[PDB]
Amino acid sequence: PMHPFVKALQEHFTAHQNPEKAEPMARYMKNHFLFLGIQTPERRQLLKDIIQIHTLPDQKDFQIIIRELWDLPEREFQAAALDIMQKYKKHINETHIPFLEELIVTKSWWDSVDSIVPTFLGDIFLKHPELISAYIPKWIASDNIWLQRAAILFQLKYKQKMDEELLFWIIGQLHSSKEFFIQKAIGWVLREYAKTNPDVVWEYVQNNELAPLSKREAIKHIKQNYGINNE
């Protein structure tokens, strides 16, 4: 924590650490991260305390503060970094895509990636759909499952603005993956989009290959709409 705002946050969080809670919290993330043991409601209040005392740093320091928090060992600091990014939301634009990519592929797990993709990247590609093809093909072709998950989930909240052809093309590229985080993301995005257009999702899952997990997750609700044919 070079930056004084980050140092203040580190000190304040550490003073309220809970080693008893940190153990199960770390186990929940498969022990990929150390935890201080601070859950979301308190963690947000502790951040708020520091903002009240120091004020939110000038936007010139935004990316710097995020990266410094990203570099700290305990997972709460990445969660706090994401809370802070939201506070700078109106300053984030298409020029930040590489910055967001780097966040996705460092300290990677489902918690951070899910908090970056459908919101920050989703909003950017909604305003600049013409940039999708500058990134999505690379993400799918990469060795990185989190970039692949990003390609699937960036349209999660699009509803009626969903690009169906694009969605199904992306899923087609990834449908053979044996990776849980890919199979489940496919299930999730289809389940969610089915809330907007159930007929299109139903037809897709009945007529295109998917991992068993992806298909069952996709239709967990809409199977009530159409029924389950006797085998």
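Each form is matched to the other, and the largest set of C-alpha atoms that superpose within 1.5 Å is called the rigid core. Numbers follow the displayed sequence, beginning with 1.
- Core-fitted comparison in 4 other deposited structures of this protein shows that, between 214-222 and 20-28, the CA atoms farther from the shown form belong to 20-28.
- Of the two segments 29-37 and 184-192, the one whose CA positions lie farther from the displayed form in 4 other deposited structures of this protein, once all are superposed on the rigid core, is 29-37.
- In this entry, 47-55 shows the higher mean Cα temperature factor of the pair 47-55 and 182-190.
- Per-stretch averaging of Cα B factors for 148-156 and 135-143 places 135-143 on top.
- In this PDB entry, the Cα temperature factor of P73 sits in the top third of its chain's modelled residues, the highest group.
- In the PDB entry, a CA B factor belonging to the lowest third of its chain's modelled residues is recorded for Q17.
- The entry lists a Cα temperature factor for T106 that places it in the lowest third of the chain's modelled residues.
- Among all modelled residues in this chain, the alpha-carbon of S115 has a temperature factor (C-alpha) in the lowest third.
- When the modelled residues of the chain are ordered by their C-alpha B factor, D83 lands in the lowest third.
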